[PDB]
Structure formats: structure tokens, C-alpha cells
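Structure first, then comments.
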Amino acid sequence: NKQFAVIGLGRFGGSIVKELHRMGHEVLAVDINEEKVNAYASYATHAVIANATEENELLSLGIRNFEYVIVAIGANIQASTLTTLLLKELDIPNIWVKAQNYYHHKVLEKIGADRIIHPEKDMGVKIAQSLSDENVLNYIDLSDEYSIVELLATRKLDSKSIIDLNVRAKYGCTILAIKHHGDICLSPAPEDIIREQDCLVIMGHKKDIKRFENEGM
Amino acid sequence: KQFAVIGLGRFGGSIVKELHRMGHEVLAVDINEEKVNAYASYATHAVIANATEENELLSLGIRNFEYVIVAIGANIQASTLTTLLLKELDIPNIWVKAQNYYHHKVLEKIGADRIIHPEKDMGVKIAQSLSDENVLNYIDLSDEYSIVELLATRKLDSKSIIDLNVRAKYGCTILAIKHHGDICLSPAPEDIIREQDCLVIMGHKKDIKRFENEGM
Amino acid sequence: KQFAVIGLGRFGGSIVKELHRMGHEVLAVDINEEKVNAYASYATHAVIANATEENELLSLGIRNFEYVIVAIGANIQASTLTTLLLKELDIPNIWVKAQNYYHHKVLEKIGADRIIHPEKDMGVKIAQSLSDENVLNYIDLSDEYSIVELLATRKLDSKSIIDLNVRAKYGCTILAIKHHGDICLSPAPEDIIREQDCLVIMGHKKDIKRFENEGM
Amino acid sequence: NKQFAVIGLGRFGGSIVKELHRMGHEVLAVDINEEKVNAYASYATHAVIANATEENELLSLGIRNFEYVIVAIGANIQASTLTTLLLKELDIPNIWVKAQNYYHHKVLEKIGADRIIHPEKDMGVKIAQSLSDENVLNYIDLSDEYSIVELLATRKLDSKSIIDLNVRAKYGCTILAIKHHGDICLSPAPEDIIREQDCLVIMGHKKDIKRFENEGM
Ligand SMILES: Nc1ncnc2c1ncn2[C@@H]1O[C@H](COP(=O)(O)OP(=O)(O)OP(=O)(O)O)[C@@H](O)[C@H]1O
Ligand SMILES: Nc1ncnc2c1ncn2[C@@H]1O[C@H](COP(=O)(O)OP(=O)(O)OP(=O)(O)O)[C@@H](O)[C@H]1O
Ligand SMILES: Nc1ncnc2c1ncn2[C@@H]1O[C@H](COP(=O)(O)OP(=O)(O)OP(=O)(O)O)[C@@H](O)[C@H]1O
Ligand SMILES: Nc1ncnc2c1ncn2[C@@H]1O[C@H](COP(=O)(O)OP(=O)(O)OP(=O)(O)O)[C@@H](O)[C@H]1O
């Protein structure tokens with residue numbers, strides 16, 4: 001099918017190899033630290049001690065055999081940039097790299113990393129949103145303006161109805177799901193009961209939702 | 001009202017930086033001087049302090065904060081001691097970064113209010129996108145049901161939504177279409193889907209992957 | 001023209017020291033305090049600064065400089081970041097020292113204007129002089145044609161310019177003779193060549209070595 | 001076959017051992033760092049891990065077999081001085097050493113190094129010349145006063161003739177070569193066309209050339 005190589009068994013890298021392997025893919029786990037390789041031995045199709053900045057060592061892995069190579073070295077900029085440069089030079093189709101900061105992202109961009117990820121910064125802003133707005137449990141941005149948000153229902157909604165407390169007429173948003181005591185009602189039909197601490201999944205404009213949050217909850 | 005970010009990591013530093021951009025009251029704490037100096041501009045306040053020493057934590061007036069975030073994820077000893085102090089000092093909400101399953105366990109037992117694994121979580125999400133080249137982004141509603149954002153293949157170019165019904169056929173529902181940046185929230189059949197458009201589907205996790213196989 | 005030398009190495013420090021002796025405007029930058037103090041006297045100006053931090057580079061007023069030289073050749077991370085900053089800050093001429101082929105490649109891609117390998121270059125030149133004990137110094141005009149300075153053997157002692165011709169015999173041309181320090185430029189046949197006198201020949205690289213074999 | 005020994009596989013040393021070997025000489029690559037030796041294994045007649053300051057280790061290499069020994073240790077003064085002292089004591093005919101600074105040069109001079117080189121300082125002044133004078137591409141000094149200089153032709157010379165814009169009479173210098181679009185004209189005969197960005201090779205007095213640079217270009 002398709003073959004994966006995870007260079008850098010960080011908390012990020014190690015989670016990718018561990019997941020991809022649980023999904024039952026072909027994953028090569030690479031790390032310069034022996035102890036890290038030994039640890040992920042059981043959680044990878046394969047584990048190998050190698051310094052990803054040395055070319056001959058990368059060829060020994062048969063890196064050219066991989067469709068996707070992930071460089072999850074995010075603390076060492078020098079290790080990361082050199083490795084990704086090697087990978088691009090060795091004509092790897094998809095190179096996904098972890099970046100440290102804006103500048104590291106810039107170097108990776110210029111040496112042709114195919115997709116760059118800031119796992120910490122991204123999770124940072126998402127957690128910050130949940131801190132600031134105690135109502136938002138989780139969310140996904142469709143664009144800069146429009147977003148799907150999962151909200152914890154306050155007592156301000158306990159035993160309330162949809163045909164009653166409408167959103168798309170009143171706020172221009174649409175409710176997609178309700179989760180009461182673990183049970184899930186997708187594409188719910190008005191009227192439905194919403195209890196307190198229910199997961200309410202709303203969808204629309206980012207500003208529109210926060211207006212509903214203010215006045216509805 | 002008031003936020004305290006202890007540990008200006010890449011994770012911690014992003015929280016302070018964001019909360020401050022949102023215009024909240026954020027206290028940036030770090031034992032490393034250079035880190036404090038860096039986040040000075042991106043915080044309501046910056047202070048050099050060793051969060052494991054009690055008197056130093058009191059000097060910050062930590063008891064003044066509604067939410068304290070311990071984004072120390074490499075040092076288990078630093079993290080556990082700090083969080084223990086915070087719980088002992090009766091902070092209402094303590095959010096901590098964990099390193100691994102075991103560190104999570106120690107934090108759980110000393111009463112951290114919410115524990116986060118930013119790397120492991122982002123790990124599984126990125127792995128999903130690696131394995132399934134179609135899934136751009138997603139959010140899990142539960143273990144079984146999920147909302148998924150999909151990149152449309154040539155297998156969908158100039159297809160009508162009602163023509164290629166996801167609902168009747170697969171038990172899923174299409175929520176949005178993004179063509180050339182323009183967004184059609186809650187789209188009405190029929191609508192044109194071009195190649196490389198963002199298709200937002202919703203339903204059962206297994207059901208979606210069945211649509212991915214046969215539809216795309 | 002205003003010059004900025006970031007990295008007071010043996011290489012960087014020599015550029016600063018020379019440009020300053022020539023009486024230009026040179027800003028000497030280094031993260032190591034002791035290095036800055038040392039080159040204080042040998043620069044228009046010396047400043048302790050970490051060239052990878054942007055605000056620190058702006059504090060120098062780096063955007064003031066026509067030519068900035070990054071003579072950091074041991075630290076690849078320092079070098080690449082600095083040069084990236086310099087390109088981002090729209091510096092017209094960025095001259096960087098490289099460590100190896102790969103470092104050269106990263107610098108190339110982030111838009112360094114001229115890349116130099118002072119050690120590798122001087123390596124091959126010294127190697128030539130080792131292998132061929134006759135060649136004192138040289139300059140390549142191309143890959144094939146070169147001007148070479150040769151130490152005259154006893155095989156040439158008291159030989160005449162026309163007598164031992166190269167303009168007809170080998171297709172090369174003699175440009176200068178240096179006997180006991182005295183210099184005869186574009187010499188007219190016949191001229192006396194003593195032993196150990198610097199002979200400056202010019203032509204094809206292969207042609208010269210043929211003259212070296214048969215003439216000397 | 002003349003025999004070469006390169007002690008210290010720096011960027012400088014490693015370049016000598018890589019070049020001499022490409023020329024197909026006999027070169028012994030020595031370094032105390034294992035990883036360095038392993039790297040230059042392919043690019044040397046031989047590679048050996050050895051501490052050049054220990055005598056017995058130097059004898060084990062059979063150093064007395066070598067006509068030319070190059071000590072390209074330029075960061076460690078103690079390593080360099082001791083090594084060179086050993087080499088002189090062991091009666092090596094030609095000892096070429098890399099120096100760090102004026103003082104290191106002095107120590108080497110007194111312990112009988114046969115030729116001392118400052119690769120960085122030398123390349124420093126040459127590059128500085130090219131920075132200051134944007135016209136000079138490359139040069140070679142015949143003495144302190146007289147020099148052969150390679151110059152990039154400005155628009156101030158585009159489609160100009162040789163005998164038209166004479167140097168042999170006007171400035172006391174002589175043009176030796178012209179390089180237009182890669183093609184090379186050695187000992188050019190007046191008149192010849194000089195286009196813009198054409199490599200012009202002039203020869204004469206250092207002051208004389210810069211006078212031509214000012215008024216001609
Ligand atoms: N040259 C290399 N080749 C392969 N792996 C390397 C190399 N250098 C470092 N690593 C490994 O890559 C992994 C990436 O960790 P990195 O410590 O440098 O920090 P990190 O990306 O911030 O970690 P985390 O994912 O937990 O946030 C480590 O296990 C490290 O040993
Ligand atoms: N005793 C302490 N008190 C307060 N802050 C500390 C203390 N010890 C360490 N820190 C800081 O807290 C932060 C925690 O970072 P830690 O490097 O050690 O890894 P990390 O949290 O996983 O990094 P990252 O967030 O980038 O993934 C760092 O800025 C560190 O300097
Ligand atoms: N971020 C920085 N900002 C300014 N100067 C720096 C920075 N980082 C390193 N330097 C300085 O630049 C130089 C780094 O180059 P490196 O000395 O280690 O030597 P080199 O370029 O490989 O060769 P050489 O010493 O012969 O010039 C050092 O002098 C160091 O003090
Ligand atoms: N005592 C020794 N015995 C054997 N090898 C040594 C000894 N000392 C240094 N070396 C090696 O010789 C080399 C000399 O490099 P040196 O770092 O010390 O600085 P350098 O001459 O400025 O480097 P560069 O050639 O890049 O300019 C290194 O590879 C080093 O490992």
C-alpha cells in the first residue's frame with residue numbers, strides 16, 4: 001500500500017509512529033538516541049538507530065523507499081533543516097516536518113519541505129480559546145470567519161427546545177448535534193430536549209456564535 | 001478574569017501569546033531569564049521565578065489567579081511539585097502539560113484539574129492525515145461519530161451534491177463546501193463541487209471511510 | 001560603502017581587520033564578548049550581539065549596511081538563521097561563509113548573495129603546491145586556462161628568454177621574471193633567468209605542466 | 001610516488017587529503033576523532049585514528065616514511081605545536097603547518113616548521129579586496145607592488161576596443177586576457193571587442209591598476 005518513515009521519536013514523532021502502527025501501516029522509526037529506538041521497537045513496524053543528517057546512514061535505511069517521511073525534530077533546528085534538505089535532495093515525494101518557530105518554518109519552506117507543522121503553537125491557540133471562553137469544549141475552523149464549535153450547555157439551556165430557542169433564524173447559525181449523558185443525536189429535529197452539561201454542536205460565523213454564547217448562555 | 005502561564009515553552013509561550021492577543025490578563029512565569037525577557041512584550045507581565053519554591057510563587061501573588069497553566073512538559077519533577085503547590089494554595093483551575101502516561105498519573109493524583117498531551121494529541125491527528133491523504137482536518141464528537149474535512153479528488157469534479165448523495169447512500173451529511181476560498185455553509189442540493197474543494201462531511205467514522213473508498 | 005562583519009572568526013576577523021586598515025566603515029559583531037573587545041581597536045565599531053535574534057540585529061541598525069558578511073562557519077544553525085534574517089531585512093549584499101556542501105545548499109536556497117569556502121579553496125591551492133613543488137602560486141582564469149608563478153630550477157639557471165621559448169614551443173607566454181627581488185614585467189627576449197627566480201607563465205593548464213616536465 | 005600525510009582532518013586538512021587523493025597521490029589521513037577518519041576513509045589512500053601528540057602512535061603510522069606531512073590543526077595550539085615538534089624531531093623533510101594567529105606562527109617558526117599557512121587570514125584579505133573594490137573578481141600578487149588582477153567589465157567598457165582604450169601607453173599596465181560569454185582570448189591582439197560583464201585580466205603596478213579602475217571604469 002503506502003510506506004511511512006518517522007525520523008525523530010519525540011513526543012510528537014513517537015505519537016505518529018505509534019498511531020500509524022496501531023492503524024497497521026508500514027512505519028520505520030528512526031532516532032539517533034539508542035534508548036528511544038529500543039522503546040518504540042514494539043510500537044513500530046521497524047526501529048533503527050541512525051543519524052538522519054548523515055547521508056550514507058539515511059541510504060542504509062533505504063529512505064528512498066518511502067512515500068512519506070516525517071521529520072519530528074523540533075528542538076534542534078540544525079538537525080531538522082539538514083535532514084529535510086537530504087530528503088528533498090533524495091527525491092522523497094512527501095516530506096512533513098515539525099518546526100520550532102517562525103524562522104525555522106522559513107528555512108524549511110525554502111528547502112522544499114512539503115508540509116510544515118507547529119503542533120505546540122496550534123494546540124496552544126486552541127487551548128487558549130477554551131480557557132478564555134469556558135463554554136467552548138472543542139472546535140474546528142472551516143475558514144478564518146466560519147467555524148464549527150462544540151459547546152458545554154449551561155443551566156441557561158436546561159430543558160430547553162430547538163424549535164423554541166432557535167439559532168438559524170435568530171443568530172444565523174445551525175445546531176448539528178446534541179450529546180445527553182453520552183447518547184448522541186445527529187441532525188436533531190426540533191423540538192429536542194437539551195439538558196445542562198449537554199454537548200451542543202453549533203455551526204456558523206465565528207462572531208455569530210459568540211453572540212449566541214453571550215445572549216443565549 | 002486572570003491567567004498565569006508557568007513555563008514559557010513552545011506550548012506555554014503560545015498560550016500566553018494568544019491569551020494576550022485576545023487581551024486578557026496573563027502572567028508569564030519562567031525560571032529562565034532569557035525566556036521571560038522574550039515574552040515580556042507578549043504578556044500582560046513577565047517574571048523570573050522558580051515555580052517549585054513556595055515563597056517565590058507567593059511573591060507573584062499566584063493566589064490572585066483564576067486559571068494557572070503549568071506548561072512544563074520535559075521536567076516531571078518541576079511540573080509535579082509546581083502543580084502540588086498550586087493545589088495546596090487553593091487555585092481553582094490548574095491546567096498542566098504532561099510528558100507521558102506516568103506523568104499524567106502523578107498529576108491526576110495530586111489534583112490537576114485538566115491534563116493535556118499537546119504532542120500525543122497532535123500526533124494522532126497528523127497520523128490520520130498521513131494515512132488517509134484525503135482528510136485535511138477533523139474533530140471527534142465521540143469515539144464513533146466525527147466531523148471530517150476532506151479534500152475533493154477528481155472523482156468528484158463537477159459533481160452535484162444531491163446527485164452524489166452522502167445522506168441516503170452512506171448515512172452521512174455534507175455540511176459545507178469551499179471552492180476557491182468561497183464558503184457555502186449548509187449547502188442546498190444541487191451544488192457544484194470542483195476538484196480540490198474542501199468538503200465537510202459528518203456522521204459515523206466507519207461510514208465516512210466507506211464513502212472515501214467508494215465515492216472518492 | 002558600509003560593511004558589517006558578523007562573526008569575528010579567523011576569517012571574519014581578518015575581513016574586519018583588513019577593511020578597517022583600508023579605512024572603510026566596518027561594524028564588528030560577535031556574540032562572544034571577548035571577541036568584540038579584541039577587535040574593538042581594529043574596527044570602526046564593535047558590538048556584542050546575537051545575530052540570530054531579530055531585535056538585536058535591528059538595534060545595530062543592520063538595514064544601514066550595503067554589505068553584510070556572515071563569517072560563522074562552524075555553527076550551521078547560527079549561520080543559516082542570521083543570513084535568513086538579513087535577506088528578510090532586505091540587505092543588498094549578503095556574503096556568507098559555508099562549512100560544507102550541504103551548508104552551502106541551505107544558504108543558496110535562503111538567498112545568500114555570495115557563498116565562500118575559505119578553507120576548501122585554500123586547501124586545493126596548497127595541495128597543488130605540495131604535489132607540484134615548482135608552483136609557488138597561481139590564479140585560474142577558467143577551468144582550462146591559468147596563470148602560474150613558478151620557482152626556477154637549476155634547469156633554467158642563466159637561460160635566455162628567446163632561447164628557451166614557450167611562445168612557440170608550448171603555446172604559453174612568460175609574463176614576468178623576479179630575480180633577487182627585482183621585477184621585470186612583460187620581459188623582452190633575451191633576458192637572463194637565474195635559479196630560484198620567480199617565473200610567471202600563462203596558458204593552458206596541461207600545456208604549462210608539459211613545460212614543467214620537459215623544461216624544468 | 002611522493003608520499004603525503006595529512007594530520008588533522010579539518011575543513012582545511014580534509015580538503016588537502018581530498019584533493020591530493022583526487023590527483024591520485026599517496027595520502028595518509030590522520031585524526032584523533034574517529035568519526036572524522038571514517039568520513040575521509042573513501043577520500044584517502046588511508047585513514048587512521050591516531051593522537052598525533054603521542055610519539056609511539058606516530059611511529060605506528062610509520063610517519064618517518066613520509067616526504068611531506070601537513071598539520072592542519074588550527075584551533076588547538078597545544079596539539080599543533082607538539083605534533084610539529086615531534087615531526088621535526090623525527091626528521092621529516094617537509095612539515096607544513098596551519099597556524100591560528102601571529103603567536104602560534106611564532107611558536108611554529110621556532111620549532112622548525114618548514115612552511116606555515118594562515119588559510120583564513122589570507123582568504124580574508126583577498127575577499128576584503130573584492131568587497132571594497134566591487135570590480136576585482138580575483139587577483140594574484142607578484143610582489144608587494146606589482147599584481148595581476150581579474151576585473152569585471154562595467155558598461156563603461158561595453159563594445160570598446162583594445163588599442164582604442166589602451167593601457168600599455170596610458171596607464172603602464174598590460175591586458176592579458178578577455179573572457180566573453182565563457183570564450184577565452186589569451187594574449188589578445190588589438191583591436192578586440194570587450195562586452196559588459198567580460199572578465200578583463202590586467203597586469204602592472206597595484207596603484208596603476210586602481211587608477212585605470214577609477215578613470216577607465
Ligand atoms: N540527527 C538525528 N536523527 C534522528 N533523530 C534525531 C536526530 N537528532 C535528534 N533526534 C531525535 O529526534 C527526536 C526529536 O526530539 P527533539 O528533542 O530534538 O525535541 P522535540 O521535537 O521538541 O520533542 P517533542 O516532540 O516532544 O516536542 C529525539 O528523540 C531526538 O533524539
Ligand atoms: N522550576 C521551573 N519553574 C518555572 N518554569 C520552569 C521551571 N523549570 C523549567 N521551566 C521552564 O518551563 C518551560 C518548560 O519547558 P520544558 O522545556 O522543560 O519542556 P516542554 O514544556 O515540553 O517544551 P515545549 O512546550 O516547547 O514542548 C521551559 O521554558 C523551562 O525553562
Ligand atoms: N549568533 C551570533 N551572533 C554573532 N556572532 C556569533 C554568533 N554565533 C557565533 N558567533 C561568532 O561567530 C563565530 C562563529 O564561527 P566559527 O568561529 O565557530 O569559526 P569558523 O567560521 O568555522 O572558522 P574561523 O574561526 O577560522 O573563522 C565565532 O567567532 C562566534 O563567536
Ligand atoms: N592532537 C590531535 N591528534 C590528532 N588529531 C587531532 C588532534 N587535534 C585535533 N585533531 C583533529 O584535527 C582537526 C583539526 O581541526 P582544528 O579543529 O582543531 O581547528 P581548525 O584547524 O580551525 O579546523 P578547520 O580546518 O575547519 O579550519 C580536527 O578534526 C581534530 O579532530
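Quick note on naming: the chains in the C-alpha cells go A, B, ... in the order shown, residues restart at 1 in each chain, and ligands are numbered from 1 in order of appearance.
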
Can I have chain D aligned to chain A? Use a least-squares fit on all Cα atoms paired in order and write it out as a CSV table (one decimal) with C-alpha atoms, in the first residue's frame.
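That gives us selection07.csv:
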```csv
chain,number,residue,atom,x,y,z
D,1,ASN,CA,0.6,-0.4,1.2
D,2,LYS,CA,1.9,3.2,1.5
D,3,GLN,CA,5.1,3.4,3.5
D,4,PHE,CA,5.9,5.8,6.3
D,5,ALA,CA,9.2,6.9,7.9
D,6,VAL,CA,9.2,8.8,11.2
D,7,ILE,CA,12.6,10.5,11.8
D,8,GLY,CA,12.8,11.8,15.4
D,9,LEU,CA,10.9,9.9,18.1
D,10,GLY,CA,9.8,12.8,20.1
D,11,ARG,CA,6.5,13.1,21.9
D,12,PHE,CA,5.1,14.2,18.6
D,13,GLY,CA,7.1,11.9,16.3
D,14,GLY,CA,6.6,8.9,18.7
D,15,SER,CA,2.9,9.5,18.6
D,16,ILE,CA,2.7,9.4,14.8
D,17,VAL,CA,4.8,6.2,14.7
D,18,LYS,CA,2.6,4.7,17.5
D,19,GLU,CA,-0.7,5.7,15.8
D,20,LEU,CA,0.2,4.8,12.2
D,21,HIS,CA,1.4,1.4,13.5
D,22,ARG,CA,-1.8,0.9,15.5
D,23,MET,CA,-3.6,1.6,12.2
D,24,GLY,CA,-1.5,-1.1,10.8
D,25,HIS,CA,0.7,0.7,8.3
D,26,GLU,CA,4.3,0.2,7.4
D,27,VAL,CA,6.3,2.6,9.6
D,28,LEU,CA,10.1,3.0,10.0
D,29,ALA,CA,11.0,4.5,13.4
D,30,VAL,CA,14.4,6.4,13.2
D,31,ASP,CA,16.2,8.1,16.0
D,32,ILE,CA,19.8,8.9,16.9
D,33,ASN,CA,19.2,8.1,20.5
D,34,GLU,CA,19.5,4.3,21.1
D,35,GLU,CA,17.2,4.3,24.1
D,36,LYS,CA,14.4,5.9,22.1
D,37,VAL,CA,14.7,3.4,19.3
D,38,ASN,CA,14.6,0.5,21.8
D,39,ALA,CA,11.4,2.0,23.4
D,40,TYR,CA,9.5,2.3,20.1
D,41,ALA,CA,10.6,-1.1,18.8
D,42,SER,CA,7.3,-2.7,19.8
D,43,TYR,CA,5.3,0.2,18.5
D,44,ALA,CA,6.7,0.3,15.0
D,45,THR,CA,7.0,-2.0,12.0
D,46,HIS,CA,10.7,-1.2,12.5
D,47,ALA,CA,13.1,0.6,14.6
D,48,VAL,CA,16.6,1.7,13.6
D,49,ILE,CA,19.4,3.8,15.3
D,50,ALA,CA,20.5,6.4,12.7
D,51,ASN,CA,21.8,9.9,12.5
D,52,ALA,CA,19.4,11.5,9.9
D,53,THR,CA,21.9,14.2,9.0
D,54,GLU,CA,24.4,11.7,7.6
D,55,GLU,CA,23.6,10.7,4.0
D,56,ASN,CA,25.0,7.3,3.9
D,57,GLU,CA,23.1,6.4,7.1
D,58,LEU,CA,19.9,7.6,5.5
D,59,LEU,CA,20.6,5.5,2.4
D,60,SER,CA,21.3,2.5,4.6
D,61,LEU,CA,17.7,2.7,5.9
D,62,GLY,CA,16.7,2.7,2.2
D,63,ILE,CA,14.9,6.0,2.8
D,64,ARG,CA,14.2,6.4,-1.0
D,65,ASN,CA,11.7,3.6,-0.5
D,66,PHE,CA,9.3,5.8,1.5
D,67,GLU,CA,6.3,7.7,0.1
D,68,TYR,CA,6.0,9.9,3.3
D,69,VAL,CA,8.9,10.9,5.6
D,70,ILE,CA,8.1,12.8,8.8
D,71,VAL,CA,10.9,14.8,10.5
D,72,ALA,CA,9.6,15.4,14.1
D,73,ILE,CA,12.8,17.0,15.3
D,74,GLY,CA,11.6,20.3,16.7
D,75,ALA,CA,14.2,21.3,19.2
D,76,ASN,CA,17.3,21.0,17.0
D,77,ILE,CA,17.0,23.4,14.1
D,78,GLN,CA,20.3,22.2,12.6
D,79,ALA,CA,19.3,18.6,12.7
D,80,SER,CA,15.9,19.3,11.2
D,81,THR,CA,17.0,21.5,8.3
D,82,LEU,CA,19.9,19.3,7.2
D,83,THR,CA,17.7,16.1,7.4
D,84,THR,CA,14.9,17.7,5.3
D,85,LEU,CA,17.4,19.0,2.8
D,86,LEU,CA,18.8,15.5,2.4
D,87,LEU,CA,15.2,14.1,2.0
D,88,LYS,CA,14.4,16.7,-0.7
D,89,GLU,CA,17.7,16.0,-2.4
D,90,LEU,CA,17.0,12.3,-2.4
D,91,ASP,CA,13.6,13.0,-4.1
D,92,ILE,CA,11.2,11.9,-1.4
D,93,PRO,CA,7.7,12.7,-2.6
D,94,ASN,CA,6.2,13.9,0.7
D,95,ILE,CA,8.2,15.5,3.4
D,96,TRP,CA,6.4,16.6,6.6
D,97,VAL,CA,8.4,18.5,9.1
D,98,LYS,CA,8.0,19.8,12.6
D,99,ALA,CA,9.0,23.4,13.1
D,100,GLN,CA,10.2,25.2,16.2
D,101,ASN,CA,9.3,28.8,15.4
D,102,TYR,CA,8.5,31.2,12.6
D,103,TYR,CA,12.2,31.3,11.5
D,104,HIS,CA,12.7,27.6,11.4
D,105,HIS,CA,9.5,27.4,9.3
D,106,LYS,CA,11.1,29.8,6.9
D,107,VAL,CA,14.2,27.8,6.5
D,108,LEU,CA,12.1,24.6,5.9
D,109,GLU,CA,9.9,26.4,3.4
D,110,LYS,CA,12.9,27.5,1.3
D,111,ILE,CA,14.5,24.0,1.3
D,112,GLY,CA,11.3,22.5,0.0
D,113,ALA,CA,9.5,20.8,2.9
D,114,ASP,CA,6.1,19.7,1.6
D,115,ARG,CA,4.1,20.4,4.7
D,116,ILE,CA,5.3,22.2,7.9
D,117,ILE,CA,3.5,21.7,11.3
D,118,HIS,CA,3.6,23.6,14.6
D,119,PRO,CA,2.0,21.1,16.9
D,120,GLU,CA,2.6,23.2,20.0
D,121,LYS,CA,1.6,26.7,18.7
D,122,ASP,CA,-1.6,25.2,17.1
D,123,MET,CA,-2.6,23.3,20.2
D,124,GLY,CA,-1.7,26.5,22.1
D,125,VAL,CA,-4.3,28.7,20.4
D,126,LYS,CA,-7.0,26.0,20.6
D,127,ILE,CA,-6.5,25.5,24.4
D,128,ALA,CA,-6.3,29.3,24.9
D,129,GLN,CA,-9.8,29.6,23.3
D,130,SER,CA,-11.2,27.1,25.7
D,131,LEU,CA,-9.5,28.9,28.7
D,132,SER,CA,-10.9,32.4,27.7
D,133,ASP,CA,-14.3,31.0,26.7
D,134,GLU,CA,-15.1,28.4,29.4
D,135,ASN,CA,-18.1,27.3,27.2
D,136,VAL,CA,-16.2,26.1,24.2
D,137,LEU,CA,-15.1,22.4,24.7
D,138,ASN,CA,-13.7,21.9,21.2
D,139,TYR,CA,-13.8,23.4,17.7
D,140,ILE,CA,-12.7,23.2,14.0
D,141,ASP,CA,-12.2,26.2,11.8
D,142,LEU,CA,-13.7,25.9,8.3
D,143,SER,CA,-12.1,29.3,7.4
D,144,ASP,CA,-10.9,32.4,9.1
D,145,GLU,CA,-14.5,33.5,9.6
D,146,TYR,CA,-16.7,30.4,9.7
D,147,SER,CA,-16.3,27.6,12.3
D,148,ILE,CA,-18.0,24.6,13.9
D,149,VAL,CA,-17.9,24.8,17.7
D,150,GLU,CA,-18.7,22.2,20.4
D,151,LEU,CA,-20.3,23.9,23.5
D,152,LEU,CA,-21.0,22.8,27.0
D,153,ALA,CA,-24.6,23.7,27.8
D,154,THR,CA,-25.1,25.9,30.9
D,155,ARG,CA,-28.2,25.9,33.2
D,156,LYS,CA,-29.3,28.7,30.9
D,157,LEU,CA,-30.4,26.0,28.4
D,158,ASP,CA,-31.5,23.2,30.8
D,159,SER,CA,-34.7,21.6,29.5
D,160,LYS,CA,-34.9,24.0,26.5
D,161,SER,CA,-36.3,23.1,23.1
D,162,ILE,CA,-34.5,23.3,19.7
D,163,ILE,CA,-37.1,25.3,17.7
D,164,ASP,CA,-38.1,27.2,20.9
D,165,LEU,CA,-34.5,28.5,21.3
D,166,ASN,CA,-33.8,28.8,17.6
D,167,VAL,CA,-30.4,29.8,16.1
D,168,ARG,CA,-31.3,29.2,12.4
D,169,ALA,CA,-33.5,32.4,12.5
D,170,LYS,CA,-32.2,34.4,15.5
D,171,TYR,CA,-28.4,34.2,15.1
D,172,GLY,CA,-27.8,32.7,11.6
D,173,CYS,CA,-26.2,29.6,13.0
D,174,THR,CA,-27.3,26.0,12.9
D,175,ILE,CA,-27.2,23.3,15.6
D,176,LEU,CA,-25.8,20.0,14.3
D,177,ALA,CA,-25.7,17.6,17.3
D,178,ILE,CA,-26.7,17.1,20.9
D,179,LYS,CA,-25.0,14.8,23.4
D,180,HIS,CA,-27.0,14.0,26.5
D,181,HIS,CA,-25.5,11.5,29.0
D,182,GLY,CA,-23.3,10.0,26.2
D,183,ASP,CA,-26.1,9.4,23.8
D,184,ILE,CA,-25.7,11.2,20.5
D,185,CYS,CA,-28.5,12.9,18.3
D,186,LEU,CA,-27.1,13.8,14.9
D,187,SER,CA,-29.0,16.2,12.7
D,188,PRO,CA,-31.5,16.8,15.5
D,189,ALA,CA,-35.2,17.5,14.7
D,190,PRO,CA,-37.0,20.4,16.5
D,191,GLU,CA,-38.1,20.1,19.1
D,192,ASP,CA,-35.5,18.2,21.2
D,193,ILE,CA,-34.6,18.5,24.9
D,194,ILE,CA,-31.3,20.0,25.9
D,195,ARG,CA,-30.2,19.3,29.5
D,196,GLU,CA,-27.4,21.1,31.4
D,197,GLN,CA,-23.9,19.9,30.6
D,198,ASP,CA,-25.0,18.6,27.2
D,199,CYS,CA,-22.6,18.9,24.3
D,200,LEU,CA,-24.1,21.3,21.9
D,201,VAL,CA,-22.5,21.5,18.4
D,202,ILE,CA,-23.2,24.8,16.6
D,203,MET,CA,-22.0,25.9,13.2
D,204,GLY,CA,-21.8,29.3,11.5
D,205,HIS,CA,-19.9,32.6,11.7
D,206,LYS,CA,-17.3,33.0,14.5
D,207,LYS,CA,-18.7,36.3,15.6
D,208,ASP,CA,-22.3,35.0,15.4
D,209,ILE,CA,-21.6,32.1,17.7
D,210,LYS,CA,-20.1,34.3,20.4
D,211,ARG,CA,-23.2,36.5,20.2
D,212,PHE,CA,-25.3,33.4,20.9
D,213,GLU,CA,-22.9,32.5,23.7
D,214,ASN,CA,-23.4,35.9,25.3
D,215,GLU,CA,-27.2,36.2,24.9
D,216,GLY,CA,-28.3,32.5,24.8
D,217,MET,CA,-26.0,31.2,27.5
```

Considering only C-alpha atoms, extract the chain C residues located within 8 Å of chain A and return them as a VMD selection string.
-> chain C and resid 76 to 77 80 to 81 84 102 106 109 to 110

Selected residues written out with N, CA and C atoms, as a compact mmCIF listing (two decimals), in the first residue's frame:
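The result, written out as again.txt:
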```
# COMPACT_ATOMS: atom_id res chain seq x y z
N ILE C 76 26.21 25.84 11.84
CA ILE C 76 25.31 25.92 10.69
C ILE C 76 24.00 26.63 11.05
N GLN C 77 23.48 26.33 12.24
CA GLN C 77 22.22 26.91 12.71
C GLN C 77 22.32 28.43 12.88
N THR C 80 22.72 29.97 9.12
CA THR C 80 21.51 29.95 8.29
C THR C 80 20.46 30.92 8.80
N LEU C 81 20.27 30.95 10.11
CA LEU C 81 19.27 31.84 10.70
C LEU C 81 19.62 33.32 10.45
N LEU C 84 19.18 34.27 6.80
CA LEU C 84 17.75 34.36 6.54
C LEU C 84 17.19 35.69 7.04
N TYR C 102 26.60 20.82 2.05
CA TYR C 102 25.20 20.90 2.48
C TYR C 102 24.84 22.27 3.04
N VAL C 106 21.86 25.05 1.81
CA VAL C 106 20.85 25.77 2.59
C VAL C 106 20.97 27.28 2.37
N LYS C 109 19.59 28.38 -0.99
CA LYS C 109 18.13 28.38 -1.05
C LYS C 109 17.49 29.52 -0.26
N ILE C 110 18.18 30.03 0.75
CA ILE C 110 17.66 31.17 1.53
C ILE C 110 18.23 32.51 1.05
```

Apply DSSP to the backbone of this structure and, from stretch 94-207 of chain C, keep only the residues in helix (DSSP H, G or I); write these as a PyMOL selection string.
-> chain C and resi 101-109+118-131+154-156+205-207

Environment of ligand 3 within 8 Å, counting only C-alpha atoms and all ligand atoms, reported as an NGL selection string = (:C and (6-13 or 29-32 or 35 or 48-53 or 70-75 or 78-79 or 82 or 97-99)) or (:D and (75 or 100 or 120))

Compute the set of chain B residues within 12 Å of chain C, using only C-alpha atoms, and express it as a PyMOL selection string.
-> chain B and resi 34+38+41

Would you give me, as a ChimeraX atom specification, the residues in stretch 81-202 of chain C that DSSP reads as strand (DSSP E)?
-> /C:93-97,114-116,135-140,145-151,159-160,173-179,182-185,192-193,198-202

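As for atom CA of residue C:118 and atom CA of residue C:19, they are spaced 17.1 Å apart.
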
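Across C:149, C:121, C:157, C:54, the tightest approach to ligand 4 is made by C:121 when counting only C-alpha atoms and all ligand atoms.
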
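Taking atom CA of residue C:89 and atom CA of residue C:47 as endpoints, the distance between them is 19.1 Å.
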